[PDB]
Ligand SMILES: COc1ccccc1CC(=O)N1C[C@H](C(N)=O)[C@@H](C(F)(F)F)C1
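Shown below, as structure tokens, is a lone chain in the form solved without the ligand; questions about how it binds or moves come after it.
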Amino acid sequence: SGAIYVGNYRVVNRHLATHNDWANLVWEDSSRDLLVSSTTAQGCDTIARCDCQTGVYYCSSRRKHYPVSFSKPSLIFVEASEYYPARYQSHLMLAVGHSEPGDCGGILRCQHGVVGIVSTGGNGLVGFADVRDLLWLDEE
């Protein structure tokens, strides 16, 4: 579990979005595994605006933050998980590291701020849904 709290937006994995998220929906994309809802209180996070390929992510199934190198966001085939069938996921970055389903929502960050959230795992990789292209998160 986990979210990004930027301005008056909550960014969550689409598959973990709640009824309240859907009732306060700003934007969602199944192919990216993202959903954004509106918040009453302003949030503490800054979104990275960069093309970094190194950062640090939180792994809840280890209670640990790990430094990783990661691929640039791409359209990638993802094998079946507990929460999605085998399918193509867009705007996905991969690193070598540990990720189980409940790790979804952990933040990946670089020197510029939040890069994305854990969205995939298995086979010794962790996949992150990028948010650095979503420039509208920084205003309004």
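Throughout, rigid core stands for the largest set of C-alpha atoms superposing within 1.5 Å between the two forms. So that there is no doubt, residue numbering starts at 1 and follows the sequence shown.
> Going by the average Cα B-factor in the PDB entry, point out whether 74 to 82 or 108 to 116 comes out higher.
According to the PDB entry, the answer is 74 to 82.
> Read off the CA B-factors in the entry, average them over 24 to 32 and over 50 to 58, and name the higher stretch.
It is 24 to 32 that shows the higher mean C-alpha B-factor.
> Against its chain's modelled residues, does residue 69's Cα B factor rank lowest, middle or highest third?
Residue 69: CA B-factor falls in the lowest third of its chain.
Below, we refer to the form deposited with the ligand bound, which is not included among the displayed structures.
> Take the pose in the deposited bound form, superimpose it on this chain at the site, and classify the pocket for the ligand as open or blocked using 3 ligand atoms within 2.4 Å of backbone or C-beta as the minimum for blocked.
With the ligand superposed from its pose in the deposited bound form, the site reads as blocked.
> Could you confirm whether residue 87 comes within 4.5 Å of the ligand in the deposited bound form, counting heavy atoms only?
Residue 87 belongs to the contact set for the ligand.
> Out of 113 to 131, which residues reach within 4.5 Å of the ligand in the deposited bound form, heavy atoms considered?
Contacts from 113 to 131: 118, 119, 120, 121, 122.
> Indicate whether residue 79 shows a C-alpha shift of 2 Å or more between this form and the one not shown, with the rigid core used for the fit.
Residue 79 C-alpha, core-superposed: shift of 2 Å or more.
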